[PDB]
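Architecture and fold: a report
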Number of protein chains: 2
Amino acid sequence: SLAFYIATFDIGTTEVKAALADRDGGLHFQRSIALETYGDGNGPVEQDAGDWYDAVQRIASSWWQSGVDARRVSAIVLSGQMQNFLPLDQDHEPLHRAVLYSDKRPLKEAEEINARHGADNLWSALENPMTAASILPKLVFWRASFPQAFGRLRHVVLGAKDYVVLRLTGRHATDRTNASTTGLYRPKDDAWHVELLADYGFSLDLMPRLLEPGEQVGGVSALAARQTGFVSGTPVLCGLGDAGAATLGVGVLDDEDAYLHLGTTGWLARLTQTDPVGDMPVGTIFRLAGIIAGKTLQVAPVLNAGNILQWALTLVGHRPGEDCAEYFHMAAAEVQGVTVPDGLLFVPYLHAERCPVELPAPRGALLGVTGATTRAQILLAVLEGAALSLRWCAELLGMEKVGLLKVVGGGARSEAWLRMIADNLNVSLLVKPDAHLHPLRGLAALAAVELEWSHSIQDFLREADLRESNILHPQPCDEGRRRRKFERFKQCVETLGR
Amino acid sequence: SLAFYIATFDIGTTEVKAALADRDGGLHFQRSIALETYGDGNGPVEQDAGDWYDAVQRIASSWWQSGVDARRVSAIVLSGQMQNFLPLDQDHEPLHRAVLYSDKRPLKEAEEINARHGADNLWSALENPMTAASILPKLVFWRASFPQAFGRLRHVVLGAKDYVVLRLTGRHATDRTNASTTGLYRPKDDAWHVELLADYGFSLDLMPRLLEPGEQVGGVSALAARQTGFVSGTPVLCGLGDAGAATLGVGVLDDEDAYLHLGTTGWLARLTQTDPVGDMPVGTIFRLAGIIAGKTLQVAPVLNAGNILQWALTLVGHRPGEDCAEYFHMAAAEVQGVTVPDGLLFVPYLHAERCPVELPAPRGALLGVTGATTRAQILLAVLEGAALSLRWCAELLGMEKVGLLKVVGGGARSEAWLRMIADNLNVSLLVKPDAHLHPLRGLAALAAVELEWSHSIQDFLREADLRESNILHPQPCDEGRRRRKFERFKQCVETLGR
Ligand SMILES: Nc1ncnc2c1ncn2[C@@H]1O[C@H](COP(=O)(O)OP(=O)(O)O)[C@@H](O)[C@H]1O
Ligand SMILES: Nc1ncnc2c1ncn2[C@@H]1O[C@H](COP(=O)(O)OP(=O)(O)O)[C@@H](O)[C@H]1O
């Protein structure tokens, strides 16, 4: 016999990762192409969409030239950045650089939209945040500044991998998981928010068609075949937003499954059965549809995360231009066998925050310092404080029934932090290494089901897994005492607001 | 000719310092005897009074055996600990260990006294604090626990050097500066608080006679001559409390002269013309009489001072048993050329405080931390925060007309701190080295006037001074901006109180 593969891609924020997936869950011919970002962190966060496809071309070229036969690639499926704004003309050419999710320039427009429609009405219909990062504001903001370009507007792409899917098949579509993030989509009606788009003079024709991740969008076109070297007619599946693929990739499949992304920034996620939406949160809470039939990923986005620890390296003598390796090492060494006093408390919002609280301005403090306070206790309180933010998020997400938390990211390198998190959230943790491959595993599994390589996604992931860890469980604690420090921690955030 | 000398002593908290003073302001045959303190910092702070005299004997012996002729000693004068409680019997023997000023065990008794008499009445009459450290509470507390000993009570010594003066002459006296500290003395009537002592069943006979520092208490008695080797009849002057002698010693003589003691703990002092006492302060403010005719030293006692800096060495890696030298060095190096952000604020009450605020419990915090905050900025903010406490104290003392601040103590070793203090208090500083000799210079000068060696104290100090510095002046500042950070600093202390 001969090997067949699924071409998997992630169009991520800083790079494009790819691999050819065999039926046994093996990921081969792994590739990585770096993408540039524009804006220098002064407000704008943009990319040239062509770079994404350019990246896909380069990877496919490198595959054929590495002896891979494009006919043995039985399907193409991608994940990528969610919540983009990308305006295209009639020939599918960008009218503007892609504006990324982290761009939040349109403050006044989001304010207006919320005022005009009612925040409770919008929340009630979208089940998600309407903020400066949402697509409607970015679209309004753009129409006003570029009226000519706007005249030529024909399509609005809302996820990075959707553009590449467009380049490949010539059809404009997206997944419900990504749609959720946009603040343009109604989960309950399963449709774009018609009256809201019409009220601002935007046609439905601008919207992509909604598709299941496993549905075929179309086949690779003759032209795309010439551009990439894929075989014309090779199935291109819809795929899904990277949050969806990453969580699928690590086995987040069942009710009360949960996930934690601990990078420079982070997010905590709880999968559950789709329920009637509750009252507006006083903390940005996403509810992503479409990852599993009948289930919703409840996500709390965290802006102060692994960056809190990174900051604290200053405490052990780190300076602006130095490699951080030796300092993470000292910090870990120093907090060994240390205990944090009930009175010592670190509030970790060194940057503006969304969850668990809206803080447009930082609120960073070290409280309860006495003469007996050591630097080691400080370092630890930082981890504790960061973990208390996380417990706050879990409380918002309703995670009291979650048994196990899948953890990814560089943040998990702090053994001391993990311990803080398990203990304070009172949940077990399992670390999942190689976070860059996760969305690819998820995609490969959904593709495998569609190709009839496997009966289910679950079955697929569990096999690759025999291919290759000990769960970390919480120490026993004075529930009630950890709980009192937790409430005080809440009172401190409020009190620091004056 | 041949040298004549004044025997000067300071009966301090941790040691007895002494020297023979010539007429040119020279201090010779310097001695130091260490004293032990009992209580292990668990509440009690006591010493054996006999140790004080024992120390004086040993020093005088060492003088005669070093070729000094006791007849050339023309007067004996001492300073020492103020605000002691020392109960003696009819033979002048202690009925209890001397209870030092820092002892504050009698919480309930001070509370009772204040309730019974009115805090405003007491303040109005005593012009000083009535607290657990005051002599009346300690006396009540002692009578209740030792009724037998109390039956034998005949004299109550209120300053350490007064006991030694008692051992030397056989007369019981004290100075008005020390009397002030006791909460038993009425400045305006110039007398002990009769109704207050009588109301608690204590006779006036227990009180020492009030004397000027320069007045002769008596001559060395035959017996004391045998015990010490001094010449019988050698004048023993009354002398004064160490705060009085230390400030005299450095030239604090004129209205709006000021003084700063920056040790582990500290105090700030402003000399001014005796005025009608104002309303009770919400911050422990002493008003000491008797140092200069018609003038009053206004003192703010600080409990968080050089100990704040000492604590901060933890930040640069200091650990419990290590020598501190190299760490003070790094901290100084690290804050060089650094600026403290207007938003970064350190509240330095790592221990309970009296001035500028009553804080029975610590209130230590680092506020306004952002991601850009460095350790160096932290170190500096600590100094700034400590200095802001000091500015608060100056504001309480009414120091807006003070031109120059005489500074003593190990605290002054931080060049960076001095700069913070000058800038924030907006006053010039002059550091006075060898703080242990200060009370001796002061005593020697007052003695010199009495012996007709010099026409005035001022004249005396200014000469020794030709024997041997650049004043440090404040940088120009946005008054108004330093002032806004100062007010915020006040608001933060209150807000941290919940
Ligand atoms: N050696 C380490 N030990 C502890 N944490 C680490 C270490 N190195 C990196 N980190 C953490 O990794 C975080 C970023 O991880 P990462 O997964 O690359 O997220 P991101 O792609 O968002 O920057 C940092 O903020 C830091 O706290
Ligand atoms: N090398 C130094 N540099 C800066 N400050 C110093 C240094 N060494 C000692 N100190 C300060 O000295 C203070 C104590 O000084 P000191 O005059 O002996 O007062 P005390 O007798 O009350 O303990 C400490 O709290 C510390 O901050």
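Residues numbered from 1 in each chain as written, not as in the entry; some residues may be left out. Chains lettered and ligands numbered in written order. Heavy atoms only, no water.

In the PDB archive, X-ray crystallography is given as the structure determination method for this entry, at a resolution of 2.705 Å.

This next bit is on the site of ligand 2. Residue and element names in this part refer to chain B. All residues in the neighbourhood of ligand 2 are listed as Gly263, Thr264, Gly306, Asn307, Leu309, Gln310, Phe328, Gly409, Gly410, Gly411, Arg413 and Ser414. At a separation of 3.4 Å, a nitrogen atom of ligand 2 approaches a polar side-chain atom of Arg413. Here ligand 2 has 580 Å² of accessible area as a free molecule, and 66% of this is covered by the chains. Ranked by residue count, the leading element in the shell around ligand 2 is helix α11 (residues 306-312), at four residues. Among the residues making up the shell around ligand 2, the classes are represented as two nonpolar, nine polar and one charged. (Near = heavy atom within 4 Å. Polar contact = N/O pair within 3.5 Å; in protein donor to acceptor, adjacent residues only side chain to side chain. Areas by Shrake-Rupley, 256 points an atom, 1.4 Å probe, with all protein chains shown as cover. Helix = DSSP H or I, 4+ residues; strand = E, 2+ residues; numbered from the N terminus. Nonpolar A, V, L, I, M, F, W, Y, C, P; charged D, E, K, R; others polar.)

The interface is formed by 27 residues belonging to chain B together with 27 residues belonging to chain A. Regarding the contact of chain B and chain A, the summed buried area is about 2,000 Å², with carbon and sulfur atoms giving 57% of it. Taken together, the links from chain B to chain A amount to zero salt bridges. For the pair chain B and chain A, the interface holds 17 residue pairs in polar contact. Mapped by element, the contributors of at least two residues to the side of chain B that touches chain A are β21 (363-369), α13 (375-397) and α17 (479-495) of chain B. Within the side of chain B that touches chain A, the residues separate by chemical class into twelve nonpolar, eleven polar and four charged. (Contact = heavy atoms within 4.5 Å. Buried area = accessible area lost by both parts, 1.4 Å probe. Salt bridge = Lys/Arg side-chain N within 4 Å of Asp/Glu carboxyl O.)

Moving on to the relation of the copies chain B and chain A. Of the transformation superimposing chain B on chain A, the axial component is 0.0 Å and the angular component is 180°, with the fit at an RMSD of 0.0 Å. Each copy turns onto its partner about a two-fold axis. When C-alpha distances to the rotation axis are compared across chain B, the minimum falls at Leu366(B), with a value of 2.4 Å. (Least-squares fit on C-alpha atoms.)

Another aspect to go through is the packing of α13(B) against α17(B). Residues and elements named next belong to chain B. At a minimum axis distance of 10 Å, the contact between α13 and α17 shows a crossing angle of 90°. Comparing the axis directions of α13 and α17 gives the class roughly perpendicular. From α13, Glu384, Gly385, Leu388, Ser389, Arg391, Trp392 and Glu395 reach across to α17, where they touch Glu479, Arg482, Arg483, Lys485, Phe486, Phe489, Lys490 and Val493. Classifying every residue of the contact of α13 with α17 gives five nonpolar, two polar and eight charged. (Axes fitted to C-alpha atoms, helices over the stretch in contact; angles between N-to-C directions. Parallel < 35°, antiparallel > 145°, perpendicular 65-115°, else oblique.)

Here we take up the sheet that holds strand β18 (residues 286-288) of chain B. All names here are of chain B. With mixed pairing, the six strands of this open sheet are ordered in space as β18-β19-β17-β16-β22-β23. Among the strands making up the open sheet, the edge pair consists of β18 and β23 (428-431). Across the sheet, the axes of successive neighbouring strands diverge by a mean angle of 25°, strand direction being ignored. Pairing analysis gives four bridges linking strand β22 (residues 404-408) to β23, with the strands arranged parallel. The residue of β23 that forms the bridge with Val407 is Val431. (Pairing = 2+ DSSP bridges.)

All names here are of chain A. Domain annotation of chain A identifies domain 1 (1-250) and domain 2 (251-498). Taken together, the contact pairs 48 residues of domain 1 with 43 residues of domain 2. Taking both sides of the interface into account, the surface hidden between domain 1 and domain 2 amounts to around 3,800 Å²; carbon and sulfur atoms contribute 74%. When the buried surface of domain 1 facing domain 2 is broken down by residue, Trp123, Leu248 and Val250 rank first, second and third, together holding 21% of it. Counting the contacts that link domain 1 with domain 2 gives one salt bridge. (Domains from an automatic or database assignment.)

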